Every structure is written in structure tokens, then in C-alpha cells.
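Encoded as C-alpha cells, the structure appears first; notes follow it.
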Amino acid sequence: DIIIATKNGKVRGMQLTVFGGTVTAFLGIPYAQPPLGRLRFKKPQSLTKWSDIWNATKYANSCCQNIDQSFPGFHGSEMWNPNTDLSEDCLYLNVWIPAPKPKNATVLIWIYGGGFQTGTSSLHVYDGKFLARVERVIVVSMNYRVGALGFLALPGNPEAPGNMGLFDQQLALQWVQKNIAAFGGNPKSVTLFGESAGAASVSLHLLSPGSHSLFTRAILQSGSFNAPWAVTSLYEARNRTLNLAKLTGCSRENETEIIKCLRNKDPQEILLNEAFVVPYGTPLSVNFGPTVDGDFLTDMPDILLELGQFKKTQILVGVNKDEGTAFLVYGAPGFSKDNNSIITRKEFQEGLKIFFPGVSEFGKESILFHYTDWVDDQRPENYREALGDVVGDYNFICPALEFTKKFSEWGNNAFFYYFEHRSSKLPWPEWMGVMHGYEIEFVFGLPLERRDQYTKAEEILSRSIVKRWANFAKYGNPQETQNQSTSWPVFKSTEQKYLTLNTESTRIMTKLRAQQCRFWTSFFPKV
Ligand SMILES: *[C@@H]1O[C@H](CO[C@@H]2O[C@@H](C)[C@@H](O)[C@@H](O)[C@@H]2O)[C@@H](O[C@@H]2O[C@H](CO)[C@@H](O)[C@H](O)[C@H]2NC(C)=O)[C@H](O)[C@H]1NC(C)=O
Ligand SMILES: *[C@@H]1O[C@H](CO[C@@H]2O[C@@H](C)[C@@H](O)[C@@H](O)[C@@H]2O)[C@@H](O[C@@H]2O[C@H](CO)[C@@H](O)[C@H](O)[C@H]2NC(C)=O)[C@H](O)[C@H]1NC(C)=O
Ligand SMILES: C[N+](C)(C)CC(=O)N/N=C/c1cc(CNNC(=O)C[N+](C)(C)C)nc(-c2ccccc2)n1
Ligand SMILES: *[C@@H]1O[C@H](CO)[C@@H](O)[C@H](O)[C@H]1NC(C)=O
Ligand SMILES: *[C@@H]1O[C@H](CO)[C@@H](O)[C@H](O)[C@H]1NC(C)=O
Ligand SMILES: *[C@@H]1O[C@H](CO)[C@@H](O)[C@H](O)[C@H]1NC(C)=O
Ligand SMILES: *[C@@H]1O[C@H](CO)[C@@H](O)[C@H](O)[C@H]1NC(C)=O
Ligand SMILES: [Cl-]
Ligand SMILES: [Cl-]
Ligand SMILES: [Cl-]
Numbered sequence: 003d004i005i006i007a008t009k010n011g012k013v014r015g016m017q018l019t020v021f022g023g024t025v026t027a028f029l030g031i032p033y034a035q036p037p038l039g040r041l042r043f044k045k046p047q048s049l050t051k052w053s054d055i056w057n058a059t060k061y062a063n064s065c066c067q068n069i070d071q072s073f074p075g076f077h078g079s080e081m082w083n084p085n086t087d088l089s090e091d092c093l094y095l096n097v098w099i100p101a102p103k104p105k106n107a108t109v110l111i112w113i114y115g116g117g118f119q120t121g122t123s124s125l126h127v128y129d130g131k132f133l134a135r136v137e138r139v140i141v142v143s144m145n146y147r148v149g150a151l152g153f154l155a156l157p158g159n160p161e162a163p164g165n166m167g168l169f170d171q172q173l174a175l176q177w178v179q180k181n182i183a184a185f186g187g188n189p190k191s192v193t194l195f196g197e198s199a200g201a202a203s204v205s206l207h208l209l210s211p212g213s214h215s216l217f218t219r220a221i222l223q224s225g226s227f228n229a230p231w232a233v234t235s236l237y238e239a240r241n242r243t244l245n246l247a248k249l250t251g252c253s254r255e256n257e258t259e260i261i262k263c264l265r266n267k268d269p270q271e272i273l274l275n276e277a278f279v280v281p282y283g284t285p286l287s288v289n290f291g292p293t294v295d296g297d298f299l300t301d302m303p304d305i306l307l308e309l310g311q312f313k314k315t316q317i318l319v320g321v322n323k324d325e326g327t328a329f330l331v332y333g334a335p336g337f338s339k340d341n342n343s344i345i346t347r348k349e350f351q352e353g354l355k356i357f358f359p360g361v362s363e364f365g366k367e368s369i370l371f372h373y374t375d376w377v378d379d380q381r382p383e384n385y386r387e388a389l390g391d392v393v394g395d396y397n398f399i400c401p402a403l404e405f406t407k408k409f410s411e412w413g414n415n416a417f418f419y420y421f422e423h424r425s426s427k428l429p430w431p432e433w434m435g436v437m438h439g440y441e442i443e444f445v446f447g448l449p450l451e452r453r454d455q456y457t458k459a460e461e462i463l464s465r466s467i468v469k470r471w472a473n474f475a476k477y478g479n480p481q482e483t484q485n486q487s488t489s490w491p492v493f494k495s496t497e498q499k500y501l502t503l504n505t506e507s508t509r510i511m512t513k514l515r516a517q518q519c520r521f522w523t524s525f526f527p528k529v
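When you line the sequence shown up against PDB author numbering, it's residues 3 to 529, in that order.
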């Protein structure tokens, strides 16, 4: 029986067997007052101490959210849907510590992605027991509010100030600062890591002054705040708050009385109307996300980044080879997960219309022009691969590379990777390649489980990645020093070296997607 006395009361965990050893799990510790009733849309309030032994032996509720229903019964999509009850009462976190209890363990804090509208820390691919067992780190993950319930913004107005989900995350980081030494953790050695909107969230903690003192280092997997989906502007934020209000019949003149009205609405009513607050959307639409609230985010983040106003520390940044393919089968014509999705020029052009609805004809013309000067001109998958590269280069790779250049220009060590291994267990078809989100199982060490049907080479790659991530968290340097591994060079704005991660040969390369990113970063923002 392991009971740990935290600042708000005692908690009981479970013991788990992992690779012939033991990890102690505390699943489902509250870290805030439940944001219900008059607390909905408000910042998270601090928690009132309890006098019992809180039983942290089961994952807590996931936060309210719409679910992916596009492929019922298909593991490729359903592996991401919430696996605990949805509820507004969802401000909880999880702790994995090694057995025996460590003394000053580095702490890894995971922030899941999900477009700021879905996600949950209880997912199988976010299980921290492997990292705790293998690397002797402590792994913390938390649930945070998403959708309108987490990012509705009437800026200035504390009934709905915006960014609540970011403040949930921050209040969890605070909980680690106040409580992790009781679990054997070093609060002075905390590394944030996250994927997709989770990565964008990590990057916004690097800019938020209220988070500066709550972590040491940061890891950004396939995401950053300067991506085009990651920050909502104040003008469209209030357009969307207002559009949601008319949709629920909550239109008022008292902006505060609108919130009071929306607080009497059932969570389901808010959820069904979230999709329609935008006039046109895309499979990447983020109707309710981070805004410049004047609290978490004091200025436009592009400005802060450009002017060096952020936490000086090391970062580890990376992307996957086929970030964009996942989104093509959620609306692009001619695409399907159940055939090779070979599409014509006109379908490609129709595809651009779906991914760039508000963009001018000339802007779409300019995307087609840069992505369809073919070498062979006869390969039948030319247009299928081009649309995927368009969506991936614009939405993930080029912003990640630009974040890394700008951040490292202020003197900090940065490391960039390019993940190009397709999981042997990937349920999506081969033409979708190395998909968005399918490095996560390697980071969390799932192929170390010999029973889980990964190849031997995937085990080896995962063990290397897990070691590099943990050396980054512990020592700021993502080397694997014992097995004659390729040294991971620092990424500088001059040479722009990055490391490739694959089962075959890890290689040092320079200047990822050079011609593509010049287009997205220097021409396209003008259109
Ligand atoms: C800002 O909001 C207005 C409100 O229109 C909403 O449109 C739907 C999304 C629906 O969910 C309702 O809440 C609103 O009617 C947008 O104006 C509309 O624009 C589209 C065409 O682009 C079309 O529905 C109507 O012509 C417009 N409706 C009204 C009432 O004006 C507007 O486009 C939004 N965005 C911007 C940038 O202003
Ligand atoms: C690949 O499949 C798409 C999807 O259409 C359906 O997909 C399968 C599940 C199958 O069981 C059938 O129901 C359909 O084929 C195809 O896109 C369709 O293409 C034709 C016209 O080209 C037509 O039925 C629809 O307009 C398309 N549906 C869309 C765009 O959603 C596509 O043609 C298939 N490609 C190949 C190479 O087989
Ligand atoms: C990467 N990974 C695997 C962790 C993601 C994941 O687990 N779930 N992903 C969710 C998601 C959903 C949407 C939008 N859904 N809109 C809809 O109408 C769909 N519905 C029915 C309301 C759910 N957008 C984005 C997203 C946006 C920008 C960048 C990256 C992702 N992500
Ligand atoms: C907490 O766990 C103990 C151990 O099994 C159990 O006896 C106790 O009833 C639990 N408390 C609550 C409130 O469920
Ligand atoms: C843990 O390490 C920090 C510095 O990283 C040190 O200040 C602290 O006292 C240590 N705590 C232990 C060893 O319990
Ligand atoms: C109505 O709006 C005023 C500002 O015009 C605000 O001070 C007041 O609090 C609002 N009503 C309620 C019940 O809050
Ligand atoms: C290094 O190689 C040994 C085999 O010699 C293996 O057992 C170990 O897991 C490897 N370590 C890493 C970090 O890959
Ligand atoms: Cl490539
Ligand atoms: Cl052609
Ligand atoms: Cl160009």
C-alpha cells in the first residue's frame, strides 16, 4: 500500500508490473475545483484540501468533447476517442513513478493534442508506465478543457476570458511544482512534452510569463503556436462567441448575461453548435482555441517570438514525414482509406478548395503551381502525394521549422528531428505513410512490450528514442551515448542540421523542405 501525503491530502496509488519490475501509478488526482455551474468558462479555481485518502486507482473523467464518428469500429480513428466518461468534472492528472520510489527524478509532463477540441490523457498511447520503468523518470499527464468549454473568449471579461484550457494545464504544472517532491520528483527538472495542439500548447507555455517558473525544458512533437490553426484572433474569437450565442438562443446585449445564459445550457447543446460558429471550415478547423487574452498571452505570439520574448532554455522539435495525409480522408474528394486514392488534377484543385476556403483564386493557383512541377509528369500518384504534402507543409512542417529557427536565434540549443518510420501496426493504409500522431507510441515506449507485435527493429528504434528524450529531459542533450549512435547536432539558423529517425539508418541532413517552406513562409502569407 503506497499512500502519498500531498498538499491537499493523501492519495493512494496502485502497483503495476512492467518488464519484470514495478511502477507506482496514481491515476486521477484532482488538481482544481470542478468547473461546473457558475465556474463554467472561468479560469480553474484552486482545490480545497480533503481529509480522506483519495483513491487514485482509475483514470478520471475526460473533458466534454465531440467524438470522431467518421469510421465506427475502425481502430485507426477510434484509438483516439475518449476512453473514460465525458464530463465537465474532468480536471485531473496522473502520475507514474518508478519503484522503488526515486529520490530526485526528472519529471516529464505530457500535454495531449486534439485540435484544442478533443483529447484525453487516459489514452493507451499516452501510458507513462513504460518511461517510468525504463528511464526512471516520473511521468505526469493531465486532462484540460477543450472546445468552447475551454477556449470560449469574450476578451477582457472574466466570465469567459479565453484560454481556460491553457490555464488548466498551467494549474497542473503548478501542482507538480508544489507536490512532486513528495513522489520523489525534482520540481527543478521538469520537461514539458506534447504533440499536435499539445505541442502548440507547450510552445505557448514558453511564451507565457506565468509558466516560466513551472518547467525547465520543452519538447514539441508535430506542432507549434505559429502554425495557422493554433491561435484564434480576437475578431474571429468574438464572432464565434457571438455565433454560438445566437445558435443557442443566448443572444443578449449584456455580454455577461450571454455567458450566464450559456451557463444554463446543457454541455451537449454547446457541443452540437460548436461546429457551426464558423462560416466555412476544414478538417483542420479549430473553432475555439488559444487567443491573445492579455493574461496567458500578453501579445500576438508571432511578435513575441520574433522579438525574443520567451523562456530561454533548450527545445527539442520535430515532425513526421507525412503529417498531412490523415486529414485528406476527412473531406478531400477522391480520397479513401480503403483504396489507393489516386486523384486527378481537378480533384486536387477541388481539394485545395476544401483546405483553403477563404483563399483567393490566385492563392490557390499559387499552391498548385509550386506543388505540381513534376519530375516524371507521368506518375499516377503525383496529385495524391502533392495534396498531402501541401497540407503537411503548410500546417505542421514549415511552422515547426520556422519556430525552431526563430527560437534558436536567441542563443538557445535546439534539436530538430524528422520521423520517417511507418509503424508495422499502423491501421491506416500504406499510401498515408508516416502519419500525424504515429510517433507517439514510439516516444512512450510501446514497442518495448515484446508481446505487442512490433518488429525487433521497432523495439530498437523506440529504445533509442526513449533514451534520447530522457537524456534531453535530464541533461538538455538528446544523445544516445552508449551504443555508437549518431550524434544529434544542434540546429542553428545557418546550417539547419536535423536528425532522421528510422529503423534503418539515422542520418544528419540539412535544410528540411527548403523550397516548400520558402513558399509557405515568404510568399503565401501575402495572399
Ligand atoms: C462572422 O459571423 C457572421 C455570422 O454568420 C453566421 O454564419 C453561420 C456560420 C451561422 O452559424 C450563424 O451563426 C451566422 O449566420 C458571418 O456572416 C455570414 O457569412 C456567411 C458567408 O460567408 C453567410 O452565412 C452569411 O452571408 C453571413 N451571415 C450574416 C448574418 O451576416 C461572417 O462570415 C463571420 N466571419 C467574418 C470574418 O465576418
Ligand atoms: C476510392 O474511393 C472513393 C470513395 O468512394 C467510395 O469509397 C469506397 C468506400 C467504395 O466502397 C464506394 O462506396 C465508393 O467508391 C472514390 O470516390 C468516389 O469516386 C466516384 C467517382 O470517381 C464516386 O462514387 C464519388 O463521387 C466519389 N466519392 C467521394 C469523392 O467521396 C474513389 O473514386 C476511389 N478511388 C479509386 C482509385 O478506387
Ligand atoms: C494528432 N492526434 C492523433 C493526437 C489528433 C487526435 O487524437 N484527434 N484529432 C482531433 C482533431 C479534430 C479537428 C477538427 N474536428 N472538427 C470536426 O468537425 C470533427 N469532429 C466531429 C467535431 C470531432 N482538428 C484537429 C486538428 C486541427 C489542427 C491541427 C491538428 C489537428 N484535430
Ligand atoms: C479506497 O480504497 C480502499 C482500499 O481498497 C477501500 O477500502 C476504500 O473503501 C476506498 N475508499 C473509497 C472512498 O472508495
Ligand atoms: C534535487 O536537485 C536540486 C537541484 O537540481 C537540489 O537543489 C535539491 O536539493 C535536490 N533534492 C534532493 C536531492 O532531494
Ligand atoms: C449588465 O451589464 C452591466 C454593464 O452594462 C454589468 O455591470 C452588469 O453586471 C450586467 N448584469 C449582470 C446581472 O451582471
Ligand atoms: C544498447 O544496446 C544494448 C545491447 O548491447 C541494448 O540492450 C540496450 O537497450 C541499448 N540501449 C539503447 C539506449 O538503445
Ligand atoms: Cl520526404
Ligand atoms: Cl498533370
Ligand atoms: Cl517561391
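Think of the CB as a built atom: it goes at the ideal place given N, C-alpha and C, for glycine as much as any other residue.
Residue state for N266 is assigned as helix, using DSSP reduced to three classes.
Around the C-beta of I5, fewer than 16 other C-beta atoms lie within 10 Å, and the residue is accordingly described as exposed. Proximity of the beta carbon of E259 to ligand 6 is indicated: a heavy atom of the ligand is located closer than 7 angstroms. Boundaries of the alpha helix (DSSP H) harbouring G390: 384 to 394, taken from the DSSP string.
Taking C-beta separations shorter than 7 angstroms and ignoring five residues to either side along the sequence, the partners of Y419 in its chain run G320, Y500, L501, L503, following chain order. Taking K366 as the centre and dropping the five residues before and after it, the same chain places the C-beta of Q351, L354, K355, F358 closer than 8 angstroms to its C-beta, in chain order.
Per the coordinates, the alpha-carbon of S198 lies some 11 angstroms from the alpha-carbon of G121.
The three-state secondary structure of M434, taken from DSSP, is helix. Note on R470: 16 or more other CB atoms within 10 angstroms of its CB, so buried under the neighbour-count rule.
The alpha carbon of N228 has as its nearest neighbour, out of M434, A34, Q486, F405, the alpha carbon of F405. Pairwise C-beta distances place the stretch 321 to 334 in contact with the stretch 375 to 391, as three or more of them are shorter than 8 angstroms.
A direct Cα-to-Cα measurement between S89 and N68 gives close to 12 angstroms. Within the same chain, Cβ atoms closer than 7 angstroms to the Cβ of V331 are found at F337, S338, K339, the five residues on either side in sequence being excluded. Buried is the label assigned to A27, since at least 16 other Cβ atoms lie within 10 Å of its Cβ.
Counting C-beta pairs with one atom in each stretch, the stretch 194 to 209 and the stretch 304 to 319 have three or more that are closer than 8 angstroms, which means they touch.
If only uninterrupted beta strand (DSSP E) runs of at least 3 residues are considered, those enclosed by the stretch 120 to 190 are 140 to 144. About 6 angstroms separates the Cβ atoms of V204 and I113, confirming a contact at the 8 angstroms cut-off. Ligand 10 has a heavy atom closer than 7 angstroms to the beta-carbon of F525. Distances from the CB of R347 to the heavy atoms of ligand 9 include at least one below 7 angstroms. Taking each of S495, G23, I369, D301 in turn and checking the Cα distance to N415, the smallest one comes out for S495.
DSSP places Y61 outside both helix and strand once states are collapsed to three, so it counts as coil. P335 has its Cβ nearer than 7 angstroms to a heavy atom of ligand 2. Take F474, set aside five residues on each side of it, and the residues of its chain with a beta-carbon closer than 6 angstroms to its own are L318, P480, in chain order. In terms of side-chain proximity, the C-beta atom of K476 is found no nearer than 7 angstroms to any non-hydrogen atom of ligand 5. According to DSSP, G200 shares a beta bridge with no other residue. Checking the 7 angstroms criterion, the Cβ of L249 is within range of a heavy atom belonging to ligand 1. In this structure, ligand 8 has a non-hydrogen atom nearer than 7 angstroms to the beta-carbon of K323. Pairing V127 with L448, the inter-Cα distance amounts to about 7 angstroms.
About 17 angstroms separates the beta carbon of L175 from that of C65, a gap too long to meet the 8 angstroms contact definition.
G333 sits in coil when the DSSP states are folded into three classes, being neither helix nor strand. Around ligand 1, the residues selected by a Cβ distance under 5 angstroms to any of its heavy atoms are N241, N245, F278, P281, following chain order.
The Cβ neighbour count for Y94, taken over all protein chains shown within 10 Å, is at least 16; the residue is labelled buried. Looking at the backbone, the Cα of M16 and that of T250 are separated by about 44 angstroms. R520 has its Cβ nearer than 7 angstroms to a heavy atom of ligand 10. Here DSSP, grouped into helix, strand and coil, assigns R470 to helix.
Of the heavy atoms belonging to ligand 4, at least one sits nearer than 7 angstroms to the Cβ of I55.
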